[PDB]
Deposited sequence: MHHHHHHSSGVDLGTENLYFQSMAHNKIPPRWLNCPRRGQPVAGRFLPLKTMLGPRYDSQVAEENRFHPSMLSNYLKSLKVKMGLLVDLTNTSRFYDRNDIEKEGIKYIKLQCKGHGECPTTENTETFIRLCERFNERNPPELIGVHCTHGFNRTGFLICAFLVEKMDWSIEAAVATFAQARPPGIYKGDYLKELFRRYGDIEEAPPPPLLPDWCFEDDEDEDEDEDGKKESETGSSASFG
């Protein structure tokens, strides 16, 4: 019924990551048009235009709702749409979640990945794939995501966890400087 906080000025998509993953924020369908100015719209139809301008074989939806946009409008472009709901309560995606994600992508064309804004859960799962499936260093993975989708993963505990699993936890980068659209404030209307 109502649009997510920090979404309106959140950039729509990142660059393709290592020619395999396209990170993006959630699409919002026409049913939200009254709540979103023309210059701030991000309909599924927009995604398919950019792709048409490489084929995205799969879109992975990491959000916990199906109220943002109609999945059919992704599938009617021949894009397999899969939901992958991760552990909640602010937790890092689990060992199960990553195994599910990695096995999912293994069947592959670009792979689209989105959570609400396209940074934290999206970056985490992409970085896990790059390390586990492609033998990247976690340093290259995190940095590559940050370049493709600035500022990249910015949730400190997520960065910490990725280096605990795949590197030395002591080496995790500090949370990056945040862009103007990205801020935490419980009183912001």
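What stretches of this chain's deposited sequence are missing C-alpha coordinates?
Holes in the chain trace, numbered from 1: 1-25, 79-80, 136-141, 223-241.
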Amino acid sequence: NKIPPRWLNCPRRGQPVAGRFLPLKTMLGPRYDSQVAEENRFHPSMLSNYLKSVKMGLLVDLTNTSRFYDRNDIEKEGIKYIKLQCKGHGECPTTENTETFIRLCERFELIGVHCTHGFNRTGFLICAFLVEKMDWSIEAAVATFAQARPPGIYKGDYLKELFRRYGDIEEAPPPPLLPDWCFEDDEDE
From here on, numbers count along this sequence of modelled residues.
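When the modelled residues of the chain are sorted by Cα temperature factor, does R107 land in the lowest, middle or highest third?
For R107, the deposited C-alpha B-factor lands in the highest third.
Thinking about Cα B factors across the chain, which third does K133 belong to?
Tercile = highest for this residue's CA B-factor.
Ordered by C-alpha B-factor within the chain, which third holds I74? Give me lowest, middle or highest, please.
Its C-alpha B-factor belongs to the highest third of this chain's values.
Hey, what third does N40 fall into on Cα B-factor, ranked over its chain?
For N40, whose C-alpha B-factor we compare with every modelled residue in the chain, the answer is the middle third.
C182: which third of its chain by C-alpha temperature factor?
Lowest third.
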